[PDB]
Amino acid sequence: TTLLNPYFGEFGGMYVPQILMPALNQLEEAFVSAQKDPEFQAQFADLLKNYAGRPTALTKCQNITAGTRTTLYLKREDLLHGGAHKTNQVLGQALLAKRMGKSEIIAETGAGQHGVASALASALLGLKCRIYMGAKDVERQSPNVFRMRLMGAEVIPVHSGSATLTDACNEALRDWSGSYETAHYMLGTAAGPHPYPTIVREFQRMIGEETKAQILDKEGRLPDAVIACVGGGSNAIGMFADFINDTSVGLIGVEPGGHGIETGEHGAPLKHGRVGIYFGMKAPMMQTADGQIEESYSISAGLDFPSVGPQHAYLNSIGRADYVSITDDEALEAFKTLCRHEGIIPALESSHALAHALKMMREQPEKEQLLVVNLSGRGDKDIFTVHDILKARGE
């Protein structure tokens, strides 16, 4: 039994070896207890504000929407301490770990933003932190590898499989299955076995709560749509959550299209995969006809994952949220556009969200629409990858 519903429609659940169920039930009750605890909430708020810098700005683009009837705001999670939204829920999970008497942290990372967030929260709060990261991602996001090691975290490159996020996820879970009495597994997205999809959403929902208050103050009304990239689902569900009951607000999640959906080299299982059981959850998966989990691809390490969180699969199924894809080339063009015309260097993950908003504007430039893009991180970790591309294509 559980205290909370582990499913969103047919999606979710706790598909983990029996040995890990006490750990999951332990985490669920600690979360339920923390959510009712004024002292927990005040400590969490204190860290969000005074350590991480919340509330984050809501920036109105001027230049990139000129000559259209689109008004575009960027919710500036790139300004959060650590450089991405991943820091929000890590602070909350770290307080849950201390609440449970845990002293070590396990985490997976791909863009290395969740790893950086896990390392900085563990340094601040006195936890010992070890992080699995695919060897391919060690390379294309190497600034973050240095950053995690400078803060005292152990960084373990994973060379099996694709050497990307799936294999780091697998290694993390293998480790936790044999260290859970003393380690808390700080899962980095709104996926995995219950209660993680629920916990991660609640610990990221300030993204959308602030956005709602900010838009109402600046525009006197709700947005026509909010738009976020979807790697495992955390920044998108954090942006969506507070708008779910506002049925006029569109919710748009953007999956990586990689080299193009038709090439099969992409990271878009919600719209192009099929439901399966893996990473502790029933969710859309990229898989072979035989049920083998496929390798994903994205220029962006943070989106390069062959599955998706179960609340997004559910919101899609009932039609409350819509999901699209953006290719490597489209994300790169939006990256360049933002640097040059607004002076903000976005993460390549967030650039997928931006690219779709720019499409929405450009395709229908006389359509009146008020849009918010979740700018989930800054792009310092990407400048070397981007430079090698622009040089390969002669720029």
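Numbering starts at 1 and runs along the sequence shown.
Comparing 235-243 with 113-121, the higher mean C-alpha B-factor in the PDB entry belongs to 113-121. As listed in the deposited structure, the average C-alpha B-factor of 378-386 and of 6-14 is greater for 378-386. Across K136, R201, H81, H194, the greatest Cα temperature factor reported in the deposited entry is at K136. Per the deposited record, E154 carries the highest C-alpha B-factor of all listed residues (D322, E210, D217, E154). In the deposited entry, the Cα temperature factor of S33 places it in the highest third of its chain's modelled residues.
In this PDB entry, the Cα temperature factor of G257 sits in the middle third of its chain's modelled residues.
Per the PDB record, residue ranking by Cα B-factor puts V372 in the lowest third of the chain. Ranked within its chain, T189 lands in the lowest third, by CA B factor from the PDB record.
In the PDB entry, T263 places in the middle third of its chain by CA B-factor.
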